[PDB]
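Engineer: What follows is structure15.txt; its format and atoms are compact mmCIF, C-alpha atoms and all ligand atoms.
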# COMPACT_ATOMS: atom_id res chain seq x y z
CA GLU A 2 31.71 13.26 17.35
CA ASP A 3 29.52 11.20 15.06
CA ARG A 4 26.99 14.00 14.62
CA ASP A 5 29.80 16.42 13.74
CA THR A 6 31.21 14.16 11.03
CA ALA A 7 27.70 13.87 9.61
CA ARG A 8 27.30 17.66 9.43
CA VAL A 9 30.65 18.02 7.65
CA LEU A 10 29.69 15.32 5.16
CA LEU A 11 26.36 17.06 4.49
CA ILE A 12 28.24 20.27 3.69
CA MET A 13 30.44 18.27 1.29
CA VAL A 14 27.31 16.91 -0.42
CA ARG A 15 26.00 20.42 -0.89
CA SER A 16 29.31 21.78 -2.20
CA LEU A 17 29.87 18.81 -4.54
CA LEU A 18 26.46 19.36 -6.11
CA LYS A 19 27.28 23.07 -6.49
CA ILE A 20 30.32 22.21 -8.62
CA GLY A 21 28.25 19.84 -10.73
CA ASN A 22 29.53 16.55 -9.26
CA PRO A 23 26.48 14.60 -8.03
CA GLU A 24 28.36 11.32 -8.47
CA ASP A 25 30.82 12.36 -5.72
CA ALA A 26 28.01 13.82 -3.61
CA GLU A 27 26.26 10.43 -3.85
CA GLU A 28 29.42 8.65 -2.68
CA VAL A 29 29.34 10.88 0.43
CA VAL A 30 25.61 10.24 0.98
CA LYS A 31 26.56 6.57 1.26
CA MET A 32 28.92 7.43 4.12
CA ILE A 33 26.26 9.42 5.96
CA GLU A 34 23.99 6.40 5.54
CA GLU A 35 26.54 4.02 7.09
CA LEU A 36 27.01 6.60 9.85
CA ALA A 37 23.26 6.50 10.46
CA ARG A 38 23.43 2.70 10.56
CA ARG A 39 26.33 2.42 13.01
CA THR A 40 24.80 4.93 15.41
CA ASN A 41 21.05 5.21 15.96
CA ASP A 42 20.93 8.99 15.96
CA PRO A 43 17.75 10.65 14.59
CA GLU A 44 19.79 13.81 13.92
CA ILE A 45 22.19 11.85 11.70
CA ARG A 46 19.03 10.37 10.20
CA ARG A 47 17.67 13.85 9.54
CA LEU A 48 20.94 14.91 7.90
CA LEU A 49 20.89 11.79 5.72
CA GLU A 50 17.40 12.65 4.45
CA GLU A 51 18.40 16.25 3.74
CA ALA A 52 21.45 14.97 1.85
CA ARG A 53 19.40 12.48 -0.18
CA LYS A 54 16.95 15.30 -0.94
CA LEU A 55 19.62 17.68 -2.27
CA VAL A 56 21.11 14.93 -4.44
CA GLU B 2 44.93 11.79 13.38
CA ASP B 3 43.78 15.02 15.01
CA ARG B 4 46.19 17.48 13.36
CA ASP B 5 45.40 16.13 9.89
CA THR B 6 41.68 16.54 10.62
CA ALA B 7 42.27 20.18 11.55
CA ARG B 8 44.19 20.73 8.30
CA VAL B 9 41.42 19.11 6.23
CA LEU B 10 38.80 21.30 7.88
CA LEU B 11 40.84 24.45 7.27
CA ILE B 12 41.07 23.61 3.57
CA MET B 13 37.29 23.10 3.57
CA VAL B 14 36.81 26.54 5.18
CA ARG B 15 38.97 28.13 2.45
CA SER B 16 37.19 26.17 -0.31
CA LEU B 17 33.71 27.07 0.94
CA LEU B 18 34.54 30.77 0.97
CA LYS B 19 35.95 30.40 -2.55
CA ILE B 20 32.63 29.03 -3.83
CA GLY B 21 30.66 31.72 -2.00
CA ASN B 22 29.16 29.85 1.01
CA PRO B 23 30.45 31.63 4.13
CA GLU B 24 27.63 30.12 6.20
CA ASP B 25 28.94 26.61 5.58
CA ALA B 26 32.50 27.85 6.14
CA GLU B 27 31.45 29.18 9.58
CA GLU B 28 29.89 25.82 10.38
CA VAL B 29 33.23 24.16 9.60
CA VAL B 30 34.99 26.65 11.89
CA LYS B 31 32.64 25.41 14.64
CA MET B 32 33.78 21.85 13.89
CA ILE B 33 37.40 22.95 14.32
CA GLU B 34 36.41 24.59 17.63
CA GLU B 35 34.98 21.29 18.87
CA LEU B 36 38.20 19.58 17.80
CA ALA B 37 40.38 22.20 19.50
CA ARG B 38 38.36 21.87 22.72
CA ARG B 39 38.76 18.09 23.07
CA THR B 40 42.47 18.03 22.16
CA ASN B 41 44.64 20.95 23.35
CA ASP B 42 47.29 20.87 20.59
CA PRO B 43 49.21 24.08 19.77
CA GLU B 44 49.09 23.36 16.04
CA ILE B 45 45.34 22.65 16.09
CA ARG B 46 44.91 25.96 17.94
CA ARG B 47 47.02 27.64 15.26
CA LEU B 48 44.93 26.12 12.46
CA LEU B 49 41.72 27.19 14.20
CA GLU B 50 42.99 30.77 14.42
CA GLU B 51 43.87 30.96 10.75
CA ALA B 52 40.47 29.49 9.79
CA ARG B 53 38.82 32.12 11.99
CA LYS B 54 40.79 34.77 10.09
CA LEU B 55 39.54 33.61 6.68
CA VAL B 56 35.96 34.05 7.92
CA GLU C 2 36.93 3.85 8.92
CA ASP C 3 40.27 4.63 7.26
CA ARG C 4 39.05 3.54 3.81
CA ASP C 5 36.09 5.93 4.07
CA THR C 6 38.51 8.69 5.05
CA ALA C 7 40.70 7.94 2.03
CA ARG C 8 37.66 8.08 -0.26
CA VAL C 9 36.68 11.44 1.26
CA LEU C 10 40.20 12.75 0.68
CA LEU C 11 40.27 11.58 -2.94
CA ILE C 12 36.97 13.39 -3.52
CA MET C 13 38.54 16.51 -1.98
CA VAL C 14 41.56 16.24 -4.31
CA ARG C 15 39.28 16.12 -7.36
CA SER C 16 37.13 18.99 -6.05
CA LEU C 17 40.06 21.21 -5.12
CA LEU C 18 41.63 20.72 -8.54
CA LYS C 19 38.25 21.57 -10.08
CA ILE C 20 37.92 24.90 -8.22
CA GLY C 21 41.54 25.77 -9.04
CA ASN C 22 43.51 25.22 -5.81
CA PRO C 23 46.06 22.59 -6.82
CA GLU C 24 48.16 23.53 -3.82
CA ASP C 25 45.43 22.47 -1.40
CA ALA C 26 44.81 19.40 -3.56
CA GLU C 27 48.48 18.47 -3.09
CA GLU C 28 48.19 18.97 0.66
CA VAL C 29 45.31 16.48 0.74
CA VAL C 30 47.35 13.99 -1.28
CA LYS C 31 49.93 14.35 1.49
CA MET C 32 47.28 13.36 4.04
CA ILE C 33 46.40 10.28 1.98
CA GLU C 34 50.13 9.48 2.02
CA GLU C 35 50.17 9.72 5.81
CA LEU C 36 47.09 7.50 5.93
CA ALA C 37 48.63 5.08 3.42
CA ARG C 38 51.81 4.77 5.50
CA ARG C 39 50.09 4.30 8.87
CA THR C 40 47.74 1.59 7.53
CA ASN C 41 49.36 -0.18 4.55
CA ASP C 42 45.74 -0.89 3.53
CA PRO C 43 45.87 -2.00 -0.14
CA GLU C 44 42.67 -0.14 -1.03
CA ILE C 45 43.99 3.06 0.54
CA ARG C 46 47.11 2.68 -1.59
CA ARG C 47 44.86 2.29 -4.65
CA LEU C 48 42.99 5.46 -3.75
CA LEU C 49 46.37 7.18 -3.21
CA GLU C 50 47.52 6.29 -6.72
CA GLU C 51 44.18 7.54 -8.09
CA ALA C 52 44.70 10.85 -6.26
CA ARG C 53 48.28 11.14 -7.50
CA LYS C 54 47.15 10.67 -11.10
CA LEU C 55 44.74 13.59 -10.76
CA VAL C 56 47.55 15.84 -9.50
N1 LIG A 101 36.62 12.17 9.98
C1 LIG A 101 36.59 13.28 9.04
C2 LIG A 101 37.81 14.17 9.29
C3 LIG A 101 37.86 15.31 8.28
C4 LIG A 101 36.60 16.16 8.44
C5 LIG A 101 35.35 15.30 8.19
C6 LIG A 101 35.42 14.73 6.78
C7 LIG A 101 36.67 13.87 6.60
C8 LIG A 101 37.92 14.72 6.87
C9 LIG A 101 36.64 12.73 7.61
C10 LIG A 101 35.33 14.15 9.19
Using structure tokens, write down the structure from this file.

Structural biologist:
Amino acid sequence: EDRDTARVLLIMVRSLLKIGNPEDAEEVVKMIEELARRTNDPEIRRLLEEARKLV
Amino acid sequence: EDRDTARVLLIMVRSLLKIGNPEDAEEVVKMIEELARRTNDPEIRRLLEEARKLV
Amino acid sequence: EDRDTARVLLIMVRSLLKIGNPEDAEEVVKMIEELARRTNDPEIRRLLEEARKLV
């Protein structure tokens, strides 16, 4: 499920920031963004914005 | 491949508990439950059970 | 995408080494190996060698 992959990637973003690695978190944000592009899901869009906001 | 996904998610569950985020770990258990429900693989079911036990 | 998956796994290798679970880090390298063998994608093999160097 596309939405499920996006929620796992958001959790990765949060954890990567917690261990002081925003450069890896930002790499994952890019994947959520391409997920939001391929689909048209406003939930995946919401997760992308939350991810960008944490980063 | 579905079994490798289950293994990756289990490692995430373990890692998230290690860094003190059981709420995110539980969310990853839910992702393994969705995987187990669309597959029916005895090893995926075994990985889901041992993730459940960490939580 | 398989390349996105390999990037996610490399990030997991680095993060797992950072939190002190080299054994899980090595398991994820194994998954990159599986991915590298199924695909023979040259970028996935590059990411594999990057992961191996960290371990
Ligand atoms: N497709 C994915 C499988 C596994 C869980 C999550 C993050 C990574 C590893 C890629 C989705």

Engineer: Return the single residue from A:50, A:2, A:25, A:35 that is closest to chain C, with distances computed using all atoms listed in the file.

Structural biologist: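 Going through A:50, A:2, A:25, A:35 one by one, the smallest distance to chain C is for A:25.
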
Engineer: Would you give me, as a compact mmCIF listing (two decimals) with C-alpha atoms, keeping the file's coordinate frame, the residues of chain A that come within 12 Å of chain C, using only C-alpha atoms?

Structural biologist:
# COMPACT_ATOMS: atom_id res chain seq x y z
CA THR A 6 31.21 14.16 11.03
CA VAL A 9 30.65 18.02 7.65
CA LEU A 10 29.69 15.32 5.16
CA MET A 13 30.44 18.27 1.29
CA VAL A 14 27.31 16.91 -0.42
CA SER A 16 29.31 21.78 -2.20
CA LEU A 17 29.87 18.81 -4.54
CA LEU A 18 26.46 19.36 -6.11
CA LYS A 19 27.28 23.07 -6.49
CA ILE A 20 30.32 22.21 -8.62
CA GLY A 21 28.25 19.84 -10.73
CA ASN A 22 29.53 16.55 -9.26
CA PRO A 23 26.48 14.60 -8.03
CA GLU A 24 28.36 11.32 -8.47
CA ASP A 25 30.82 12.36 -5.72
CA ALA A 26 28.01 13.82 -3.61
CA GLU A 27 26.26 10.43 -3.85
CA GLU A 28 29.42 8.65 -2.68
CA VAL A 29 29.34 10.88 0.43
CA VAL A 30 25.61 10.24 0.98
CA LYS A 31 26.56 6.57 1.26
CA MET A 32 28.92 7.43 4.12
CA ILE A 33 26.26 9.42 5.96
CA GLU A 35 26.54 4.02 7.09
CA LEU A 36 27.01 6.60 9.85
CA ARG A 39 26.33 2.42 13.01

Engineer: Of the candidates C:42, C:3, C:51, C:34, which shows the shortest atom-to-atom distance to ligand LIG 101 (chain A), using all atoms listed in the file?

Structural biologist: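 Among the listed residues, the smallest separation from ligand LIG 101 (chain A) belongs to C:3.
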
Engineer: If I take atom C10 of ligand LIG 101 (chain A) and atom CA of residue A:4, how far is one from the other in Å, to one decimal?

Structural biologist: 10.0 Å

Engineer: By how many Å are atom CA of residue A:41 and atom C9 of ligand LIG 101 (chain A) apart?

Structural biologist: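 Rounded to one decimal, the two atoms are 19.2 Å apart.
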
Engineer: How many Å separate atom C7 of ligand LIG 101 (chain A) from atom CA of residue A:7?

Structural biologist: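 A separation of 9.5 Å between them.
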
Engineer: Can you sort out stretch 28-49 of chain B so it carries N, CA, C and O atoms, written as a short mmCIF file (atom, residue, chain, number, x, y, z; two decimals), keeping the file's coordinate frame?

Structural biologist:
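Dumped to out_12.cif:
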data_model
loop_
_atom_site.label_atom_id
_atom_site.label_comp_id
_atom_site.auth_asym_id
_atom_site.auth_seq_id
_atom_site.Cartn_x
_atom_site.Cartn_y
_atom_site.Cartn_z
N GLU B 28 30.23 27.09 9.76
CA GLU B 28 29.89 25.82 10.38
C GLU B 28 31.11 24.93 10.52
O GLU B 28 31.25 24.20 11.51
N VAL B 29 32.01 24.96 9.52
CA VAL B 29 33.23 24.16 9.60
C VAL B 29 34.19 24.74 10.63
O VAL B 29 34.90 24.00 11.31
N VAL B 30 34.21 26.06 10.80
CA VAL B 30 34.99 26.65 11.89
C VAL B 30 34.51 26.11 13.23
O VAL B 30 35.32 25.75 14.10
N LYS B 31 33.19 25.99 13.41
CA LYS B 31 32.64 25.41 14.64
C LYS B 31 33.10 23.96 14.84
O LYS B 31 33.35 23.53 15.98
N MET B 32 33.26 23.21 13.76
CA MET B 32 33.78 21.85 13.89
C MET B 32 35.24 21.85 14.33
O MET B 32 35.66 21.00 15.12
N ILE B 33 36.03 22.81 13.84
CA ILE B 33 37.40 22.95 14.32
C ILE B 33 37.42 23.39 15.79
O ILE B 33 38.32 23.00 16.54
N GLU B 34 36.45 24.20 16.22
CA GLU B 34 36.41 24.59 17.63
C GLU B 34 36.14 23.39 18.52
O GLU B 34 36.78 23.24 19.57
N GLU B 35 35.23 22.51 18.11
CA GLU B 35 34.98 21.29 18.87
C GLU B 35 36.23 20.42 18.92
O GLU B 35 36.53 19.81 19.95
N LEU B 36 36.96 20.34 17.80
CA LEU B 36 38.20 19.58 17.80
C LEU B 36 39.22 20.20 18.74
O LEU B 36 39.82 19.50 19.56
N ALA B 37 39.41 21.52 18.64
CA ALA B 37 40.38 22.20 19.50
C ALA B 37 40.06 22.02 20.98
O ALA B 37 40.97 21.93 21.81
N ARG B 38 38.77 21.93 21.32
CA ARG B 38 38.36 21.87 22.72
C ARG B 38 38.58 20.50 23.33
O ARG B 38 38.79 20.41 24.55
N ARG B 39 38.51 19.43 22.55
CA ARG B 39 38.76 18.09 23.07
C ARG B 39 40.21 17.63 22.90
O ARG B 39 40.51 16.49 23.25
N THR B 40 41.11 18.48 22.41
CA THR B 40 42.47 18.03 22.16
C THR B 40 43.53 18.83 22.90
O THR B 40 44.44 18.23 23.49
N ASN B 41 43.54 20.15 22.77
CA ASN B 41 44.64 20.95 23.35
C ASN B 41 45.95 20.62 22.63
O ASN B 41 46.80 19.93 23.17
N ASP B 42 46.11 21.12 21.40
CA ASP B 42 47.29 20.87 20.59
C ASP B 42 47.65 22.24 20.01
O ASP B 42 46.79 22.89 19.39
N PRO B 43 48.88 22.72 20.22
CA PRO B 43 49.21 24.08 19.77
C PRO B 43 49.04 24.28 18.28
O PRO B 43 48.70 25.39 17.84
N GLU B 44 49.27 23.24 17.48
CA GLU B 44 49.09 23.36 16.04
C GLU B 44 47.60 23.39 15.66
O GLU B 44 47.21 24.15 14.77
N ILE B 45 46.78 22.58 16.32
CA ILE B 45 45.34 22.65 16.09
C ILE B 45 44.82 24.04 16.44
O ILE B 45 44.03 24.63 15.69
N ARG B 46 45.28 24.60 17.57
CA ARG B 46 44.91 25.96 17.94
C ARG B 46 45.38 26.97 16.90
O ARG B 46 44.69 27.96 16.63
N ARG B 47 46.54 26.73 16.30
CA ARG B 47 47.02 27.64 15.26
C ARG B 47 46.17 27.53 14.00
O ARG B 47 45.85 28.54 13.36
N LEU B 48 45.79 26.30 13.62
CA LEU B 48 44.93 26.12 12.46
C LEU B 48 43.55 26.73 12.68
O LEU B 48 42.97 27.32 11.77
N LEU B 49 43.01 26.58 13.90
CA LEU B 49 41.72 27.19 14.20
C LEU B 49 41.78 28.70 14.05
O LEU B 49 40.85 29.32 13.51
#
